[PDB]
There are 2 protein chains.
Amino acid sequence: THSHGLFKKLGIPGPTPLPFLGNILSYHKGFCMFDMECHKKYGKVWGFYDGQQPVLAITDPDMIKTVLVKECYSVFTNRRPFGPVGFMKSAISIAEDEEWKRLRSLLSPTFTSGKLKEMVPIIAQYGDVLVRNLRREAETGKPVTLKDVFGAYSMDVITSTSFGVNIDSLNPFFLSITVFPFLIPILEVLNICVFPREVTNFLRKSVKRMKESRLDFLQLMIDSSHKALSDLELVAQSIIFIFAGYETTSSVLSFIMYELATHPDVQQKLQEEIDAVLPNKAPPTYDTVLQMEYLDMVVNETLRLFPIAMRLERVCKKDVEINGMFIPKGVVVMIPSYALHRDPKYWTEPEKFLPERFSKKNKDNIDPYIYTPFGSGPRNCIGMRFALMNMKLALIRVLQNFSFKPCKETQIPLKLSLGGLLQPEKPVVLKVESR
Amino acid sequence: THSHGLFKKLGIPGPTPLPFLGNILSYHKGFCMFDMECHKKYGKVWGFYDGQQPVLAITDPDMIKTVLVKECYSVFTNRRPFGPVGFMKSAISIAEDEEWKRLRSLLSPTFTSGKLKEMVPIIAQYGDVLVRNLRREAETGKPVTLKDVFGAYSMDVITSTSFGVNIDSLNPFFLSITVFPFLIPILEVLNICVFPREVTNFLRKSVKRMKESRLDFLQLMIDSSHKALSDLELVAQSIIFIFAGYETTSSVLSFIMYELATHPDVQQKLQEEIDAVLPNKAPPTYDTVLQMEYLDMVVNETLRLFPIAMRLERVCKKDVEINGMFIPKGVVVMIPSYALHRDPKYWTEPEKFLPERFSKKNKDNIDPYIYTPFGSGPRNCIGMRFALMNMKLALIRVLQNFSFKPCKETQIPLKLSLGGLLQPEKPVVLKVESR
Ligand code: HEM
Ligand code: HEM
Ligand SMILES: CC(C)(C)OC(=O)N[C@H](CS[C@H](Cc1ccccc1)C(=O)NCCc1cccnc1)Cc1c[nH]c2ccccc12
Ligand SMILES: CC(C)(C)OC(=O)N[C@H](CS[C@H](Cc1ccccc1)C(=O)NCCc1cccnc1)Cc1c[nH]c2ccccc12
């Protein structure tokens with residue numbers, strides 16, 4: 001526990017670390033309550049220790065811009081190592097330094113404004129499966145678990161958008177990682193993997209069946225100043241894209257319908273805009289989705305209250321002095337997204353759901369280095385524009401046909417998962433009525 | 001690699017161990033070819049090293065009886081430690097010393113001749129589901145994967161026989177364990193488990209739902225000179241019983257139909273006996289199943305060629321001198337079942353399928369410490385009698401309605417899985433015809 005003197009040395013405040021465990025006992029309320037607490041206790045800058053690992057929290061918008069944008073390529077290029085990963089080390093979210101720059105370049109043109117516009121005709125199909133799957137549990141007044149019917153939709157979208165397969169989708173340990181990061185190299189040599197060695201084995205061969213069948217995201221990889229992309233590295237990117245495109249889309253869509261249900265005036269104000277831009281229940285298109293500003297305002301304000309990443313992190317790969325502060329090599333620099341999204345020194349009534357904060361009359365009084373639901377700089381969420389489009393296309397088709405009211409078992413107020421990831425404690429269950 | 005001199009010291013022959021790896025590179029053809037080889041090379045007794053771990057192979061029937069029966073309780077009480085297991089350490093197949101004696105006593109009366117006879121009326125249902133599920137893929141001349149329709153049956157049997165749930169069941173790393181057994185205690189403290197932490201979490205709560213619902217194998221545990229049984233220890237026994245009752249029953253049943261197909265004279269000789277004891281396609285009963293001797297002869301001879309355990313093992317918990325041989329504390333004593341089941345110094349034409357070896361005219365010329373498909377002594381297969389009854393009840397109802405012929409894709413001869421477990425390389429697929 002010799003490393004527990006770094007912040008005492010640097011004169012940076014923070015909680016006193018216990019030996020070996022560091023400050024991780026504080027995570028007993030979740031990452032987010034710990035961040036919101038430390039933010040209040042120490043101010044703009046503090047540090048703590050995930051085990052022996054020093055973690056410096058920064059909340060200064062200038063310092064955040066320095067870390068995420070100005071000094072990304074040079075110092076803050078990678079995140080805090082994750083293991084064991086196995087062959088998934090070559091996935092873009094996990095790859096480091098030059099290996100990541102190459103996969104970023106090769107995978108970037110997948111989410112152009114043009115490649116997205118090609119997917120709107122394809123996404124529209126499963127939105128109608130989503131309505132019809134919802135029309136069944138609606139004509140029977142049985143409360144609906146949203147993440148089920150949303151995840152069935154989100155799953156349908158990601159398989160075809162990246163590959164082309166069409167399916168009606170109705171057919172405890174990481175605690176030790178941070179106290180035993182020295183055990184990560186141990187597990188890497190045992191082929192153990194946080195990704196099950198079966199799901200990966202399924203897709204590794206499934207992709208090489210799809211590759212040698214047509215011969216989409218699967219198309220653009222074999223098609224492409226660097227080297228070219230490999231094959232086991234092609235499977236790894238698909239696995240990242242399939243996870244994100246499913247669990248992020250479904251979880252946020254569930255978060256949105258909970259708020260639309262507990263704020264019926266906003267749910268009606270949005271249903272009115274959807275019928276105006278799309279009269280006669282018109283099919284949403286790429287350009288109509290980009291016209292609905294109150295839909296974007298709802299999506300944005302929901303992602304303020306539930307930034308599913310909670311924290312942004314970068315590893316300081318060498319000694320730097322950013323915005324007048326010395327940061328030694330090896331430190332993980334952390335931006336507490338959840339805490340800043342709820343900071344009263346920037347948001348009025350930050351626990352209330354108020355989409356009007358993002359009105360064009362008010363969207364200017366909002367610092368983009370405080371509101372970072374997708375990150376910033378060269379390593380932001382590569383699938384941001386696709387995520388916004390995917391969700392918005394789902395809300396339109398769903399609110400065009402249904403209205404949502406709370407039930408007896410609806411968790412009000414919603415308890416967040418006091419665990420790790422950002423999910424609700426109890427699932428989101430609402431009553432669906434047909435218009 | 002200081003431990004690699006033990007057998008050189010004891011004057012026991014065997015392959016020369018490489019540093020760290022021991023003799024495990026020899027496993028490149030499977031456990032069984034290694035045993036059959038070493039048996040020929042060195043004779044009645046040899047040793048080798050799984051990593052640093054000394055393993056003494058014995059083939060002397062007297063010495064085998066000493067280890068398995070005479071000296072079981074005193075010296076050879078447990079098998080070679082298995083990890084990581086987590087809460088499954090309390091399962092009977094895995095439990096050691098006194099903890100195992102208690103679970104053996106508490107779980108033994110589950111497989112009495114009387115408790116088995118109570119299950120014959122219940123097993124008969126899914127045998128008819130098995131026929132009807134087979135009548136579908138038979139009236140369409142589509143070759144059948146036997147382990148699918150057998151595993152669907154074996155799964156149906158084990159859930160109701162132990163609990164009572166009825167369902168129509170149509171709705172890479174252990175290599176490092178033996179070079180890094182010092183890593184087993186490492187993994188135990190990370191909650192990692194060779195049993196997925198999800199399947200176990202499913203049944204842990206599923207059982208405690210069943211426990212507090214009725215309030216069978218599930219019945220007799222809460223009902224019972226020892227202490228009494230726990231609850232997390234109740235889930236652990238269920239998991240052992242469900243695995244064995246599924247994968248053993250299905251795999252052997254597949255092995256039997258492959259042989260009945262490649263030896264049509266035996267398949268007809270057995271169909272004639274089944275129709276004689278059970279005329280008009282009579283329903284098999286507990287006592288009729290025990291009357292068919294040629295059915296028992298087929299089952300026995302199949303289990304000679306494919307003893308799904310391959311090896312029996314016991315840990316020598318203290319220095320002993322058994323049958324004139326010194327065996328030091330810590331050594332794993334191993335009986336190469338597969339090798340002895342194919343030893344020409346005991347079997348004539350041991351690669352040929354010949355059920356007549358087990359005729360009552362010939363069943364006496366067979367040493368029960370050479371033919372050990374279920375083990376021997378106090379720690380033999382506790383579910384032997386149930387396994388024989390379960391399989392025999394399936395063969396009767398299946399051969400009463402169908403005959404089996406090889407296909408174009410039928411693997412002839414059957415290659416064993418050159419891996420670890422005893423399975424076929426390619427699945428067993430045969431043509432099914434309706435009588
Ligand atoms: C509501 C939906 C989503 C949210 C809120 C979200 C948020 C984020 C955030 C905060 C980051 C880290 C940014 C940073 O470190 O500065 C990230 C990274 C990433 N996201 Fe998303 N994401 C979403 C959906 C998606 C989707 C649909 C994909 C499709 C593949 C995707 C792919 C990625 C990838 C590949 C990265 C890592 C990129 C890199 O490291 O270069 N995300 N996301
Ligand atoms: C064809 C079917 C089966 C075969 C060939 C088989 C074979 C074996 C063998 C060789 C052993 C080790 C015996 C020894 O070490 O001396 C064993 C142990 C065991 N078997 Fe089976 N088995 C079969 C089916 C079953 C079934 C249906 C069950 C039902 C629960 C079962 C439960 C067990 C248990 C609990 C043990 C460990 C007992 C102890 O350690 O005290 N087996 N089996
Ligand atoms: C330090 C190093 C460079 C090695 O990389 C990281 O250690 N990265 C971690 C990877 S966890 C997760 C792994 C996983 C597990 C099981 C199935 C599939 C994937 C994942 O790869 N997910 C990327 C997809 C995604 C999710 C959410 C939002 N968008 C995109 C954590 C992490 C980095 N960026 C993030 C933005 C948001 C949320 C978590 C992370
Ligand atoms: C040394 C120690 C005392 C600790 O115990 C052992 O290390 N025991 C090993 C356990 S592997 C397997 C584990 C498992 C994994 C995943 C799901 C379910 C179970 C299992 O528990 N299976 C018992 C059921 C069974 C299977 C086959 C035939 N009958 C009964 C190996 C072993 C001991 N006896 C055996 C007879 C036959 C085949 C393997 C073994």
# chains A, B, ... in the order shown; residues from 1 in each chain; ligands from 1

call {"tool": "select_by_dssp", "arguments": {"residues": "stretch 223-276 of chain B", "states": "alpha helix (DSSP H)", "output": "PDB file with C-alpha atoms, in the first residue's frame"}}
result
ATOM      1  CA  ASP B 223     -37.360 -34.838   4.906  1.00  0.00           C
ATOM      2  CA  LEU B 232     -27.339 -24.488  -0.686  1.00  0.00           C
ATOM      3  CA  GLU B 233     -26.025 -28.034  -0.249  1.00  0.00           C
ATOM      4  CA  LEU B 234     -29.408 -29.279  -1.473  1.00  0.00           C
ATOM      5  CA  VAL B 235     -29.059 -27.316  -4.722  1.00  0.00           C
ATOM      6  CA  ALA B 236     -25.565 -28.751  -5.217  1.00  0.00           C
ATOM      7  CA  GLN B 237     -26.757 -32.360  -5.141  1.00  0.00           C
ATOM      8  CA  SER B 238     -29.546 -31.558  -7.602  1.00  0.00           C
ATOM      9  CA  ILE B 239     -27.006 -30.130 -10.054  1.00  0.00           C
ATOM     10  CA  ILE B 240     -24.883 -33.301  -9.893  1.00  0.00           C
ATOM     11  CA  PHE B 241     -27.948 -35.509 -10.345  1.00  0.00           C
ATOM     12  CA  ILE B 242     -29.272 -33.456 -13.270  1.00  0.00           C
ATOM     13  CA  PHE B 243     -25.974 -33.517 -15.171  1.00  0.00           C
ATOM     14  CA  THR B 249     -28.109 -41.440 -20.245  1.00  0.00           C
ATOM     15  CA  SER B 250     -28.182 -39.693 -23.629  1.00  0.00           C
ATOM     16  CA  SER B 251     -24.576 -40.460 -24.578  1.00  0.00           C
ATOM     17  CA  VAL B 252     -24.783 -44.174 -23.745  1.00  0.00           C
ATOM     18  CA  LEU B 253     -28.176 -44.497 -25.460  1.00  0.00           C
ATOM     19  CA  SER B 254     -26.599 -42.977 -28.570  1.00  0.00           C
ATOM     20  CA  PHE B 255     -23.694 -45.423 -28.289  1.00  0.00           C
ATOM     21  CA  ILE B 256     -26.164 -48.317 -28.095  1.00  0.00           C
ATOM     22  CA  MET B 257     -28.152 -47.369 -31.201  1.00  0.00           C
ATOM     23  CA  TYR B 258     -24.957 -46.933 -33.214  1.00  0.00           C
ATOM     24  CA  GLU B 259     -23.990 -50.527 -32.386  1.00  0.00           C
ATOM     25  CA  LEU B 260     -27.497 -51.906 -32.959  1.00  0.00           C
ATOM     26  CA  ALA B 261     -27.373 -50.216 -36.380  1.00  0.00           C
ATOM     27  CA  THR B 262     -23.931 -51.529 -37.390  1.00  0.00           C
ATOM     28  CA  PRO B 264     -28.379 -55.658 -37.413  1.00  0.00           C
ATOM     29  CA  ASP B 265     -28.485 -59.285 -36.221  1.00  0.00           C
ATOM     30  CA  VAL B 266     -28.238 -58.094 -32.603  1.00  0.00           C
ATOM     31  CA  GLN B 267     -30.831 -55.356 -33.160  1.00  0.00           C
ATOM     32  CA  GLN B 268     -33.260 -58.010 -34.411  1.00  0.00           C
ATOM     33  CA  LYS B 269     -32.399 -60.498 -31.655  1.00  0.00           C
ATOM     34  CA  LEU B 270     -33.208 -57.762 -29.121  1.00  0.00           C
ATOM     35  CA  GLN B 271     -36.436 -56.637 -30.819  1.00  0.00           C
ATOM     36  CA  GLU B 272     -37.589 -60.264 -30.648  1.00  0.00           C
ATOM     37  CA  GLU B 273     -36.970 -60.462 -26.900  1.00  0.00           C
ATOM     38  CA  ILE B 274     -38.745 -57.134 -26.297  1.00  0.00           C
ATOM     39  CA  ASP B 275     -41.827 -58.359 -28.168  1.00  0.00           C
ATOM     40  CA  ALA B 276     -41.768 -61.702 -26.330  1.00  0.00           C
TER      41      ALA B 276
END

call {"tool": "residues_around", "arguments": {"residues": "residue B:393", "least_positions_apart": "4", "cutoff": "9 Å", "atoms": "only C-alpha atoms", "output": "ChimeraX atom specification"}}
result
/B:120,123-124,127,284-286,289,388-389,397-398

call {"tool": "closest_atom_pairs", "arguments": {"of": "chain A", "to": "ligand 3", "cutoff": "6 Å", "atoms": "only C-alpha atoms and all ligand atoms", "output": "CSV"}}
result
residue,atom,partner,partner_atom_place_in_ligand_line,distance
A:78,CA,ligand 3,3 (C),5.1
A:79,CA,ligand 3,1 (C),3.7
A:80,CA,ligand 3,1 (C),3.9
A:81,CA,ligand 3,1 (C),3.7
A:82,CA,ligand 3,7 (O),4.1
A:93,CA,ligand 3,5 (O),5.3
A:94,CA,ligand 3,5 (O),3.5
A:95,CA,ligand 3,3 (C),5.3
A:96,CA,ligand 3,3 (C),5.8
A:195,CA,ligand 3,16 (C),5.3
A:240,CA,ligand 3,24 (C),5.1
A:243,CA,ligand 3,18 (C),4.9
A:244,CA,ligand 3,25 (C),4.3
A:248,CA,ligand 3,27 (C),6.0
A:309,CA,ligand 3,38 (C),4.3

call {"tool": "select_by_dssp", "arguments": {"residues": "stretch 52-238 of chain B", "states": "strand (DSSP E)", "output": "compact mmCIF listing (two decimals) with C-alpha atoms, in the first residue's frame"}}
result
# COMPACT_ATOMS: atom_id res chain seq x y z
CA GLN B 53 1.22 -34.44 -9.81
CA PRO B 54 2.23 -38.13 -9.65
CA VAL B 55 -0.36 -40.59 -10.95
CA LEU B 56 0.19 -44.31 -10.36
CA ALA B 57 -1.72 -46.59 -12.72
CA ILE B 58 -2.66 -50.01 -11.37
CA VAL B 144 -32.03 -38.25 -36.88
CA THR B 145 -29.41 -37.02 -34.43

call {"tool": "interface_residues", "arguments": {"of": "chain B", "to": "chain A", "cutoff": "7 Å", "atoms": "only C-alpha atoms", "output": "JSON, numbers by chain"}}
result
{"B": [173, 176, 190, 191, 192]}

call {"tool": "residues_around", "arguments": {"residues": "stretch 36-43 of chain B", "least_positions_apart": "4", "cutoff": "9 Å", "atoms": "only C-alpha atoms", "output": "PyMOL selection string"}}
result
chain B and resi 12-15+31-32+57+59+336+338-340+342-343

call {"tool": "write_last_selection", "arguments": {"atoms": "N, CA, C and O atoms", "output": "JSON list (two decimals), in the first residue's frame"}}
result
[["chain", "number", "residue", "atom", "x", "y", "z"],
["B", 12, "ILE", "N", 9.23, -47.74, -10.26],
["B", 12, "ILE", "CA", 8.01, -47.95, -11.04],
["B", 12, "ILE", "C", 8.23, -47.40, -12.44],
["B", 12, "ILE", "O", 8.69, -46.25, -12.57],
["B", 13, "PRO", "N", 7.95, -48.16, -13.49],
["B", 13, "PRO", "CA", 8.23, -47.69, -14.85],
["B", 13, "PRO", "C", 7.20, -46.67, -15.30],
["B", 13, "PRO", "O", 6.16, -46.46, -14.67],
["B", 14, "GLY", "N", 7.51, -46.02, -16.43],
["B", 14, "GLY", "CA", 6.62, -45.05, -17.01],
["B", 14, "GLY", "C", 7.33, -44.05, -17.90],
["B", 14, "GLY", "O", 8.56, -43.98, -17.94],
["B", 15, "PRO", "N", 6.56, -43.24, -18.61],
["B", 15, "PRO", "CA", 7.15, -42.25, -19.52],
["B", 15, "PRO", "C", 7.91, -41.18, -18.76],
["B", 15, "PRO", "O", 7.55, -40.78, -17.65],
["B", 31, "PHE", "N", -6.96, -39.48, -23.39],
["B", 31, "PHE", "CA", -6.59, -40.23, -22.20],
["B", 31, "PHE", "C", -6.47, -41.71, -22.52],
["B", 31, "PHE", "O", -5.59, -42.41, -22.01],
["B", 32, "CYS", "N", -7.35, -42.20, -23.39],
["B", 32, "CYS", "CA", -7.55, -43.63, -23.56],
["B", 32, "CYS", "C", -6.45, -44.27, -24.38],
["B", 32, "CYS", "O", -6.00, -45.37, -24.06],
["B", 57, "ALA", "N", -0.72, -45.74, -12.09],
["B", 57, "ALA", "CA", -1.72, -46.59, -12.72],
["B", 57, "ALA", "C", -1.55, -48.02, -12.23],
["B", 57, "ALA", "O", -0.43, -48.56, -12.22],
["B", 59, "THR", "N", -3.36, -51.97, -12.61],
["B", 59, "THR", "CA", -4.27, -52.83, -13.35],
["B", 59, "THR", "C", -4.45, -54.20, -12.71],
["B", 59, "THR", "O", -5.15, -55.04, -13.30],
["B", 336, "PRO", "N", -7.21, -47.57, -15.14],
["B", 336, "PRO", "CA", -7.57, -47.28, -16.55],
["B", 336, "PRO", "C", -8.70, -48.16, -17.08],
["B", 336, "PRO", "O", -8.48, -49.14, -17.80],
["B", 338, "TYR", "N", -11.03, -47.79, -19.41],
["B", 338, "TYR", "CA", -11.06, -47.96, -20.86],
["B", 338, "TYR", "C", -10.01, -48.96, -21.33],
["B", 338, "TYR", "O", -10.28, -49.80, -22.19],
["B", 339, "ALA", "N", -8.80, -48.87, -20.77],
["B", 339, "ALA", "CA", -7.72, -49.75, -21.20],
["B", 339, "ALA", "C", -7.99, -51.20, -20.81],
["B", 339, "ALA", "O", -7.77, -52.12, -21.60],
["B", 340, "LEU", "N", -8.48, -51.43, -19.58],
["B", 340, "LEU", "CA", -8.79, -52.78, -19.13],
["B", 340, "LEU", "C", -9.99, -53.35, -19.87],
["B", 340, "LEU", "O", -10.03, -54.56, -20.16],
["B", 342, "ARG", "N", -10.57, -53.07, -22.83],
["B", 342, "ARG", "CA", -10.08, -53.47, -24.14],
["B", 342, "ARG", "C", -8.80, -54.30, -24.06],
["B", 342, "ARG", "O", -8.14, -54.49, -25.09],
["B", 343, "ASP", "N", -8.44, -54.80, -22.89],
["B", 343, "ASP", "CA", -7.22, -55.59, -22.73],
["B", 343, "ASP", "C", -7.38, -56.96, -23.38],
["B", 343, "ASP", "O", -8.29, -57.71, -23.01]]

call {"tool": "residues_around", "arguments": {"residues": "residue B:337", "least_positions_apart": "6", "cutoff": "8 Å", "atoms": "only C-alpha atoms", "output": "PyMOL selection string"}}
result
chain B and resi 307+309-312+370-373

call {"tool": "write_last_selection", "arguments": {"atoms": "N, CA, C and O atoms", "output": "tab-separated table (two decimals), in the first residue's frame"}}
result
chain	number	residue	atom	x	y	z
B	307	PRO	N	-16.88	-47.05	-21.71
B	307	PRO	CA	-17.06	-46.64	-20.31
B	307	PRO	C	-16.90	-45.14	-20.18
B	307	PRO	O	-15.78	-44.63	-20.19
B	309	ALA	N	-16.66	-43.03	-18.11
B	309	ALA	CA	-15.74	-42.46	-17.13
B	309	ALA	C	-14.27	-42.59	-17.55
B	309	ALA	O	-13.46	-41.75	-17.14
B	310	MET	N	-13.93	-43.62	-18.33
B	310	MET	CA	-12.59	-43.84	-18.89
B	310	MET	C	-11.61	-44.27	-17.80
B	310	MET	O	-10.92	-45.28	-17.95
B	311	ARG	N	-11.55	-43.51	-16.71
B	311	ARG	CA	-10.63	-43.77	-15.61
B	311	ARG	C	-11.36	-43.65	-14.28
B	311	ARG	O	-12.26	-42.82	-14.14
B	312	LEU	N	-10.95	-44.46	-13.32
B	312	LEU	CA	-11.33	-44.28	-11.92
B	312	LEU	C	-10.10	-43.80	-11.15
B	312	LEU	O	-8.98	-44.24	-11.42
B	370	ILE	N	-12.01	-55.94	-13.33
B	370	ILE	CA	-11.58	-55.51	-14.65
B	370	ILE	C	-12.70	-54.77	-15.38
B	370	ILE	O	-12.45	-53.76	-16.04
B	371	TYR	N	-13.93	-55.24	-15.23
B	371	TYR	CA	-15.10	-54.63	-15.86
B	371	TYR	C	-15.82	-53.78	-14.80
B	371	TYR	O	-16.57	-54.31	-13.97
B	372	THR	N	-15.57	-52.47	-14.84
B	372	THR	CA	-16.05	-51.53	-13.83
B	372	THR	C	-16.65	-50.31	-14.51
B	372	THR	O	-16.13	-49.20	-14.39
B	373	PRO	N	-17.77	-50.48	-15.22
B	373	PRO	CA	-18.41	-49.31	-15.84
B	373	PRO	C	-19.02	-48.35	-14.83
B	373	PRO	O	-19.29	-47.20	-15.19

call {"tool": "closest_residue", "arguments": {"among": "B:381, B:106, B:158, B:327", "to": "ligand 4", "atoms": "only C-alpha atoms and all ligand atoms"}}
result
B:381

call {"tool": "atom_distance", "arguments": {"atom1": "atom CA of residue B:331", "atom2": "atom CA of residue B:316"}}
result
5.5 Å

call {"tool": "closest_residue", "arguments": {"among": "A:396, A:435, A:295, A:74", "to": "residue A:282", "atoms": "only C-alpha atoms"}}
result
A:396

call {"tool": "atom_distance", "arguments": {"atom1": "atom CA of residue A:109", "atom2": "atom CA of residue A:216"}}
result
11.0 Å

call {"tool": "residues_around", "arguments": {"residues": "residue B:60", "least_positions_apart": "2", "cutoff": "8 Å", "atoms": "only C-alpha atoms", "output": "PyMOL selection string"}}
result
chain B and resi 44-45+58+62-64

call {"tool": "atom_distance", "arguments": {"atom1": "atom CA of residue B:306", "atom2": "atom CA of residue B:416"}}
result
9.1 Å

call {"tool": "residues_around", "arguments": {"residues": "stretch 425-433 of chain B", "least_positions_apart": "6", "cutoff": "6 Å", "atoms": "only C-alpha atoms", "output": "ChimeraX atom specification"}}
result
/B:138,143-145,402-407,410,415-417

call {"tool": "write_last_selection", "arguments": {"atoms": "C-alpha atoms", "output": "PDB file, in the first residue's frame"}}
result
ATOM      1  CA  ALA B 138     -39.465 -41.084 -39.076  1.00  0.00           C
ATOM      2  CA  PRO B 143     -31.885 -38.898 -40.623  1.00  0.00           C
ATOM      3  CA  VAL B 144     -32.025 -38.253 -36.881  1.00  0.00           C
ATOM      4  CA  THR B 145     -29.409 -37.016 -34.433  1.00  0.00           C
ATOM      5  CA  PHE B 402     -38.568 -48.449 -34.707  1.00  0.00           C
ATOM      6  CA  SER B 403     -35.629 -50.140 -36.400  1.00  0.00           C
ATOM      7  CA  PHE B 404     -32.354 -48.340 -37.063  1.00  0.00           C
ATOM      8  CA  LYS B 405     -30.183 -48.462 -40.190  1.00  0.00           C
ATOM      9  CA  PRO B 406     -26.952 -46.620 -41.037  1.00  0.00           C
ATOM     10  CA  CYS B 407     -26.995 -43.544 -43.269  1.00  0.00           C
ATOM     11  CA  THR B 410     -23.144 -42.198 -40.380  1.00  0.00           C
ATOM     12  CA  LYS B 415     -14.205 -42.092 -34.035  1.00  0.00           C
ATOM     13  CA  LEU B 416     -14.074 -41.321 -30.327  1.00  0.00           C
ATOM     14  CA  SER B 417     -13.618 -37.705 -29.286  1.00  0.00           C
TER      15      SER B 417
END

call {"tool": "decode", "arguments": {"residues": "stretch 143-154 of chain A", "atoms": "N, CA and C atoms", "output": "compact mmCIF listing (two decimals), in the first residue's frame"}}
result
# COMPACT_ATOMS: atom_id res chain seq x y z
N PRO A 143 -49.82 -5.56 -18.17
CA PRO A 143 -48.64 -4.69 -18.12
C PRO A 143 -47.43 -5.32 -18.79
N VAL A 144 -46.62 -4.48 -19.42
CA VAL A 144 -45.55 -4.91 -20.31
C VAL A 144 -44.20 -4.56 -19.70
N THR A 145 -43.27 -5.51 -19.75
CA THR A 145 -41.87 -5.23 -19.46
C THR A 145 -41.25 -4.64 -20.72
N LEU A 146 -40.84 -3.37 -20.65
CA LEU A 146 -40.43 -2.66 -21.85
C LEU A 146 -39.13 -3.21 -22.42
N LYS A 147 -38.15 -3.50 -21.55
CA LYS A 147 -36.86 -3.96 -22.03
C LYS A 147 -36.95 -5.28 -22.79
N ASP A 148 -38.00 -6.06 -22.54
CA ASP A 148 -38.21 -7.28 -23.32
C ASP A 148 -38.59 -6.95 -24.76
N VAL A 149 -39.67 -6.19 -24.95
CA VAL A 149 -40.12 -5.89 -26.30
C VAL A 149 -39.20 -4.87 -26.96
N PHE A 150 -38.51 -4.05 -26.17
CA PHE A 150 -37.51 -3.15 -26.74
C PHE A 150 -36.24 -3.91 -27.12
N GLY A 151 -35.77 -4.78 -26.23
CA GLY A 151 -34.60 -5.59 -26.54
C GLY A 151 -34.83 -6.51 -27.73
N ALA A 152 -36.04 -7.04 -27.86
CA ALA A 152 -36.38 -7.80 -29.06
C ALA A 152 -36.26 -6.94 -30.31
N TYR A 153 -36.63 -5.67 -30.20
CA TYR A 153 -36.45 -4.75 -31.32
C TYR A 153 -34.98 -4.40 -31.52
N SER A 154 -34.31 -4.00 -30.44
CA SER A 154 -32.90 -3.61 -30.54
C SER A 154 -32.05 -4.75 -31.07
